[PDB]
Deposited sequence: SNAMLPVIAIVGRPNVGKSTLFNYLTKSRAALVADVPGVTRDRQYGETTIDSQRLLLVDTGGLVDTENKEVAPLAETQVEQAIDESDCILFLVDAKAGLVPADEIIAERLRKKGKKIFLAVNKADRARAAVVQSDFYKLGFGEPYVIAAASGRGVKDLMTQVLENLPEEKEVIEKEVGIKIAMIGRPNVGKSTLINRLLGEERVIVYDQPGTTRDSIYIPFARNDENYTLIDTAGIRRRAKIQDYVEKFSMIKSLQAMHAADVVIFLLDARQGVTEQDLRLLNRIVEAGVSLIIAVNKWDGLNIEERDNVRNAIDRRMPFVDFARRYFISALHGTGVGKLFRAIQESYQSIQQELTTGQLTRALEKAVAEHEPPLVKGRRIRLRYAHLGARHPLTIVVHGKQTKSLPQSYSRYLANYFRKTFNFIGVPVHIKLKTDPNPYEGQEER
């Protein structure tokens, strides 16, 4: 079940980023034990009728990248502007879209409170069927549009995926893992395997096990793998150090909420200073992923690779454990007893209970009075307290405050 990908396309200033923001998951109410993740303006996820969808704002990519996004998407949401009417640049985009071989949903944005007949008039001639009436500023028509997008769509064990930039060692590591002691192997995107009584499925969205067998980076296919997997193994290339692009990928993993293990690959042959330099770079540039187990390996020579299986099992178990309101509240009471919340404007903040908001991203909701006066430093203290109490690894703990009712 790979998530469908919807590419938002259209001229500048039609409302693509506004619609993207309306549809995607907001993380404004969350405070993490360690900050360091921003809101992605290119890729996101949305949910409509329980069906999760990947969204790409092609305006955030700006033509090579835009063309790649369109070619790798399942459907296309093409936005035009009711206030402008049909303009020549819309027609240029339309002709390009017709040559691709995919569904085009036409959406007329900025409809505001104008009648549909007025809004849609200029756009029937584009030949993309119904010009869906929307206003991204108010939500008008958005649910109806997304319902039409949905309607026009076609033992696993622990699912894992390798994520990383080109040439970091993904195919090498896949081949090495599948050949480790006691591993047995038996559409082509899923590769089931087992080790002892442990069942796994490798997710290979870019088909790299096949290219290695016989012989272009896709952020979309990386995101699809990340959302399909239970645990991600992110590979760094120790010879290159920590790169800006590595950080962009890691951030997306953390934002997606998926369990993470870091494999620092190509560790072989490095001297004491080289190794210490890589370690120091990780500590300086990646403290936001301290919750993730990391292993220094050589996929090529096999050194340290076997440690990954227990890391997969333990990371999965950590986020899958039972987390009742009673046990979360028991932990909250203990945290408060050890370190009392500060008085704010002279009034005491009273924290009453905690419940599980979500496992991905891990969100613990803390209820009380005057909770929004809680300094962010206290929220970070609570995040760390829950982390230690339940031994959360592979995912960061987020605290969401709620001042009931």
Deposited positions without coordinates, collected into consecutive stretches in sequence order:
1 to 2, 65 to 75, 168 to 175, 208 to 214, 244 to 247, 438 to 446
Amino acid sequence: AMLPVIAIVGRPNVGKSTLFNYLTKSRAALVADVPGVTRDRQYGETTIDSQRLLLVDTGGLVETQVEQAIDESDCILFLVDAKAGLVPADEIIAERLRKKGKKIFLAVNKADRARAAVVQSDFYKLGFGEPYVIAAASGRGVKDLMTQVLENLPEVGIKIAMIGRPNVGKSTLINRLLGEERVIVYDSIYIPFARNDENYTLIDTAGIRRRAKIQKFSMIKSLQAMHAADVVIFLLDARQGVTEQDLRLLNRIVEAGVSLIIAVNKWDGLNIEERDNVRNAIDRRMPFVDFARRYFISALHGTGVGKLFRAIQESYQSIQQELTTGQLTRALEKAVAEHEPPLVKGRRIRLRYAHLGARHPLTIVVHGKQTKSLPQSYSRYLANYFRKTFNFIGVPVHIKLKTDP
From here on, numbers count along this sequence of modelled residues.
Looking at the entry, does 70 to 78 or 288 to 296 show the higher mean C-alpha B-factor?
70 to 78
Which has the higher mean CA temperature factor in the PDB entry, 98 to 106 or 272 to 280?
98 to 106
At the C-alpha atoms, which of 362, 55, 37, 366 reaches the highest B-factor in this entry?
37
Third assignment of residue 352 from its chain's C-alpha B-factors:
middle
Looking at the temperature factor on the CA atom of residue 5, which third of the chain's modelled residues does it land in?
middle
Going by what the PDB entry lists, where does residue 25 fall on CA B-factor within its chain: lowest, middle or highest third?
highest
Check where residue 16 lands among this chain's C-alpha B-factors and tell me if it's the lowest, middle or highest third.
lowest
Considering every modelled residue of the chain and its Cα B-factor in the PDB entry, is residue 316 in the lowest, middle or highest third?
lowest
